[PDB]
Amino acid sequence: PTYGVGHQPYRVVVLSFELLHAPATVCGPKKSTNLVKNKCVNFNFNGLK
Amino acid sequence: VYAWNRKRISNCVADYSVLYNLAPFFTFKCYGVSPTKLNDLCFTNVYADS
Amino acid sequence: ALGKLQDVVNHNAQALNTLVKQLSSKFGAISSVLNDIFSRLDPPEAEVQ
Amino acid sequence: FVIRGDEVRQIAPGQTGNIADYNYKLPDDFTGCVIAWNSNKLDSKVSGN
Ligand SMILES: *[C@@H]1O[C@H](CO)[C@@H](O[C@@H]2O[C@H](CO)[C@@H](O)[C@H](O)[C@H]2NC(C)=O)[C@H](O)[C@H]1NC(C)=O
């Protein structure tokens with residue numbers, strides 16, 4: 001406890017994503033609408049504009 | 001630090017707002033992706049180090 | 001012996017093909033696709049990318 | 001205005017949060033400077049402010 005702030009212990013957590021999005025499995029929070037065909041629309045399949 | 005551990009996070013729904021809020025001072029400087037847009041994206045595999 | 005007429009068509013088609021194929025180069029950015037590079041990155045660096 | 005220490009980040013372009021979303025919001029195109037300081041010696045009550 002008497003050590004300086006420089007030598008105080010720190011907890012480090014490192015996250016490593018894989019944005020090559022081949023299977024996609026850990027998709028974040030959102031909500032899914034229906035699918036319509038043969039109409040120029042804005043699609044968002046798996047986070048792709 | 002020399003024997004560092006890995007935990008596989010898969011098949012779940014992430015929520016990064018909790019990490020945003022409840023951690024008092026947590027640096028969070030990130031590489032290759034904007035932190036504020038981590039909610040929309042989809043990830044192949046997420047691994048955790050400690 | 002009608003090679004002179006064929007070379008013009010070959011040159012034009014080949015040039016158009018290489019112009020189309022040139023879209024694949026990343027030019028040193030993260031990705032060659034626009035939608036992901038807007039969605040995956042924070043706008044201040046999106047400008048230079 | 002006066003806020004707590006944790007949400008001093010929320011007063012900045014491009015960041016979100018309860019204070020940023022609801023109390024004070026900066027525009028995307030901003031030309032100015034922000035000044036903040038601790039006011040624990042000045043605005044803090046033993047019973048509570
Ligand atoms: C780790 O910290 C605590 C467990 O002790 C939890 O966070 C709590 O989350 C609830 C949710 O509403 C809050 O009301 C509490 O104030 C939080 N407590 C603390 C100490 O932050 C949770 O299990 C974990 N949180 C994180 C961010 O890992």
# chains A, B, ... in the order shown; residues from 1 in each chain; ligands from 1
call {"tool": "residues_near_ligand", "arguments": {"ligand": "ligand 1", "cutoff": "8 Å", "atoms": "only C-alpha atoms and all ligand atoms", "output": "ChimeraX atom specification"}}
result
/B:18-23
call {"tool": "write_last_selection", "arguments": {"atoms": "N, CA and C atoms", "output": "short mmCIF file (atom, residue, chain, number, x, y, z; two decimals), in the first residue's frame"}}
result
data_model
loop_
_atom_site.label_atom_id
_atom_site.label_comp_id
_atom_site.auth_asym_id
_atom_site.auth_seq_id
_atom_site.Cartn_x
_atom_site.Cartn_y
_atom_site.Cartn_z
N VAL B 18 -22.25 -2.12 -20.00
CA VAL B 18 -21.93 -2.44 -18.61
C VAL B 18 -20.46 -2.14 -18.33
N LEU B 19 -19.58 -2.55 -19.25
CA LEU B 19 -18.16 -2.24 -19.12
C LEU B 19 -17.92 -0.74 -19.19
N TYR B 20 -18.68 -0.04 -20.05
CA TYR B 20 -18.58 1.41 -20.13
C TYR B 20 -18.86 2.05 -18.78
N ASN B 21 -19.94 1.62 -18.13
CA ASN B 21 -20.43 2.34 -16.96
C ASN B 21 -19.68 1.92 -15.70
N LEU B 22 -19.71 0.63 -15.36
CA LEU B 22 -19.42 0.24 -13.99
C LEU B 22 -17.93 0.28 -13.67
N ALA B 23 -17.08 0.25 -14.69
CA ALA B 23 -15.65 0.36 -14.43
C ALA B 23 -15.29 1.82 -14.16
#
call {"tool": "closest_atom_pairs", "arguments": {"of": "chain D", "to": "region 22-46 of chain C", "cutoff": "12 Å", "atoms": "only C-alpha atoms", "output": "tab-separated table"}}
result
residue	atom	partner	partner_atom	distance
D:13	CA	C:44	CA	11.1
D:14	CA	C:42	CA	9.0
D:15	CA	C:42	CA	10.9
D:28	CA	C:43	CA	10.6
D:29	CA	C:44	CA	11.7
call {"tool": "closest_atom_pairs", "arguments": {"of": "chain B", "to": "chain A", "cutoff": "6 Å", "atoms": "only C-alpha atoms", "output": "tab-separated table"}}
result
residue	atom	partner	partner_atom	distance
B:10	CA	A:26	CA	5.9
B:11	CA	A:25	CA	5.5
B:12	CA	A:26	CA	5.6
B:13	CA	A:28	CA	5.3
B:14	CA	A:28	CA	5.1
B:39	CA	A:28	CA	5.2
B:40	CA	A:28	CA	5.7
B:41	CA	A:47	CA	5.4
B:42	CA	A:27	CA	4.1
B:43	CA	A:26	CA	5.3
B:44	CA	A:24	CA	4.6
B:45	CA	A:18	CA	5.5
B:46	CA	A:17	CA	4.8
B:47	CA	A:16	CA	5.4
B:48	CA	A:15	CA	5.0
B:49	CA	A:14	CA	5.0
B:50	CA	A:13	CA	4.7
call {"tool": "write_last_selection", "arguments": {"atoms": "N, CA and C atoms", "output": "tab-separated table (two decimals), in the first residue's frame"}}
result
chain	number	residue	atom	x	y	z
B	10	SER	N	-18.28	-17.25	-26.78
B	10	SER	CA	-18.93	-17.59	-28.04
B	10	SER	C	-20.39	-17.93	-27.79
B	11	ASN	N	-21.19	-17.79	-28.85
B	11	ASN	CA	-22.61	-18.15	-28.84
B	11	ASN	C	-23.33	-17.42	-27.71
B	12	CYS	N	-23.39	-16.10	-27.84
B	12	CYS	CA	-24.00	-15.25	-26.81
B	12	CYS	C	-24.25	-13.87	-27.40
B	13	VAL	N	-24.86	-13.00	-26.61
B	13	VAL	CA	-25.16	-11.63	-27.00
B	13	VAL	C	-24.36	-10.69	-26.10
B	14	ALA	N	-23.51	-9.87	-26.71
B	14	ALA	CA	-22.63	-8.99	-25.97
B	14	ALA	C	-23.38	-7.74	-25.51
B	39	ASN	N	-21.41	-2.22	-30.65
B	39	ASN	CA	-22.68	-2.89	-30.40
B	39	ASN	C	-23.27	-3.49	-31.67
B	40	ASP	N	-23.08	-2.83	-32.81
B	40	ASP	CA	-23.75	-3.25	-34.04
B	40	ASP	C	-23.04	-4.42	-34.70
B	41	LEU	N	-21.71	-4.49	-34.58
B	41	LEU	CA	-20.93	-5.41	-35.39
B	41	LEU	C	-21.14	-6.86	-34.95
B	42	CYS	N	-20.75	-7.77	-35.84
B	42	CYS	CA	-20.79	-9.21	-35.59
B	42	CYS	C	-19.36	-9.75	-35.63
B	43	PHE	N	-19.07	-10.70	-34.75
B	43	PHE	CA	-17.70	-11.16	-34.54
B	43	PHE	C	-17.60	-12.66	-34.75
B	44	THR	N	-16.52	-13.09	-35.42
B	44	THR	CA	-16.29	-14.51	-35.63
B	44	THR	C	-15.95	-15.22	-34.33
B	45	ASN	N	-15.02	-14.66	-33.56
B	45	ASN	CA	-14.61	-15.26	-32.29
B	45	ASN	C	-14.08	-14.16	-31.38
B	46	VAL	N	-14.46	-14.22	-30.11
B	46	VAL	CA	-14.03	-13.26	-29.11
B	46	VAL	C	-13.29	-14.02	-28.02
B	47	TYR	N	-12.04	-13.64	-27.77
B	47	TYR	CA	-11.21	-14.27	-26.75
B	47	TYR	C	-10.84	-13.24	-25.69
B	48	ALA	N	-10.68	-13.72	-24.46
B	48	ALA	CA	-10.41	-12.86	-23.32
B	48	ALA	C	-9.08	-13.25	-22.68
B	49	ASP	N	-8.26	-12.25	-22.38
B	49	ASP	CA	-6.99	-12.43	-21.68
B	49	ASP	C	-7.05	-11.70	-20.35
B	50	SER	N	-6.27	-12.17	-19.38
B	50	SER	CA	-6.28	-11.58	-18.05
B	50	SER	C	-4.93	-11.80	-17.37
call {"tool": "select_by_dssp", "arguments": {"residues": "chain B", "states": "strand (DSSP E or B)", "output": "PyMOL selection string"}}
result
chain B and resi 6-9+46-49
call {"tool": "write_last_selection", "arguments": {"atoms": "N, CA, C and O atoms", "output": "PDB file, in the first residue's frame"}}
result
ATOM      1  N   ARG B   6      -6.711 -17.726 -21.005  1.00  0.00           N
ATOM      2  CA  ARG B   6      -7.609 -17.432 -22.115  1.00  0.00           C
ATOM      3  C   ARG B   6      -8.967 -18.058 -21.843  1.00  0.00           C
ATOM      4  O   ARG B   6      -9.047 -19.223 -21.443  1.00  0.00           O
ATOM      5  N   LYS B   7     -10.028 -17.288 -22.065  1.00  0.00           N
ATOM      6  CA  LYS B   7     -11.391 -17.783 -21.954  1.00  0.00           C
ATOM      7  C   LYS B   7     -12.134 -17.469 -23.242  1.00  0.00           C
ATOM      8  O   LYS B   7     -12.090 -16.337 -23.732  1.00  0.00           O
ATOM      9  N   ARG B   8     -12.819 -18.471 -23.789  1.00  0.00           N
ATOM     10  CA  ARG B   8     -13.493 -18.353 -25.077  1.00  0.00           C
ATOM     11  C   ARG B   8     -14.925 -17.882 -24.857  1.00  0.00           C
ATOM     12  O   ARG B   8     -15.723 -18.574 -24.217  1.00  0.00           O
ATOM     13  N   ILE B   9     -15.248 -16.710 -25.391  1.00  0.00           N
ATOM     14  CA  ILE B   9     -16.615 -16.200 -25.358  1.00  0.00           C
ATOM     15  C   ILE B   9     -17.240 -16.426 -26.729  1.00  0.00           C
ATOM     16  O   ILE B   9     -16.785 -15.864 -27.729  1.00  0.00           O
ATOM     17  N   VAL B  46     -14.464 -14.222 -30.109  1.00  0.00           N
ATOM     18  CA  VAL B  46     -14.027 -13.260 -29.106  1.00  0.00           C
ATOM     19  C   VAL B  46     -13.290 -14.023 -28.016  1.00  0.00           C
ATOM     20  O   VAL B  46     -13.845 -14.948 -27.412  1.00  0.00           O
ATOM     21  N   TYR B  47     -12.042 -13.638 -27.767  1.00  0.00           N
ATOM     22  CA  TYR B  47     -11.208 -14.265 -26.754  1.00  0.00           C
ATOM     23  C   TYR B  47     -10.838 -13.243 -25.690  1.00  0.00           C
ATOM     24  O   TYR B  47     -10.702 -12.050 -25.972  1.00  0.00           O
ATOM     25  N   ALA B  48     -10.678 -13.720 -24.457  1.00  0.00           N
ATOM     26  CA  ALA B  48     -10.406 -12.857 -23.317  1.00  0.00           C
ATOM     27  C   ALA B  48      -9.083 -13.250 -22.680  1.00  0.00           C
ATOM     28  O   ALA B  48      -8.819 -14.436 -22.469  1.00  0.00           O
ATOM     29  N   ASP B  49      -8.259 -12.251 -22.378  1.00  0.00           N
ATOM     30  CA  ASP B  49      -6.995 -12.431 -21.684  1.00  0.00           C
ATOM     31  C   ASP B  49      -7.053 -11.701 -20.351  1.00  0.00           C
ATOM     32  O   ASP B  49      -7.799 -10.732 -20.192  1.00  0.00           O
TER      33      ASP B  49
END
call {"tool": "select_by_dssp", "arguments": {"residues": "chain B", "states": "alpha helix (DSSP H)", "output": "number ranges by chain"}}
result
B: 17-22
call {"tool": "write_last_selection", "arguments": {"atoms": "C-alpha atoms", "output": "PDB file, in the first residue's frame"}}
result
ATOM      1  CA  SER B  17     -22.514  -0.637 -21.919  1.00  0.00           C
ATOM      2  CA  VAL B  18     -21.927  -2.441 -18.612  1.00  0.00           C
ATOM      3  CA  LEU B  19     -18.162  -2.240 -19.118  1.00  0.00           C
ATOM      4  CA  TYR B  20     -18.576   1.409 -20.130  1.00  0.00           C
ATOM      5  CA  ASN B  21     -20.431   2.336 -16.958  1.00  0.00           C
ATOM      6  CA  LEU B  22     -19.422   0.237 -13.987  1.00  0.00           C
TER       7      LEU B  22
END
call {"tool": "interface_residues", "arguments": {"of": "chain B", "to": "chain D", "cutoff": "9 Å", "atoms": "only C-alpha atoms", "output": "ChimeraX atom specification"}}
result
/B:24-25,36
call {"tool": "interface_residues", "arguments": {"of": "chain B", "to": "chain C", "cutoff": "10 Å", "atoms": "only C-alpha atoms", "output": "ChimeraX atom specification"}}
result
/B:31-38,40-41
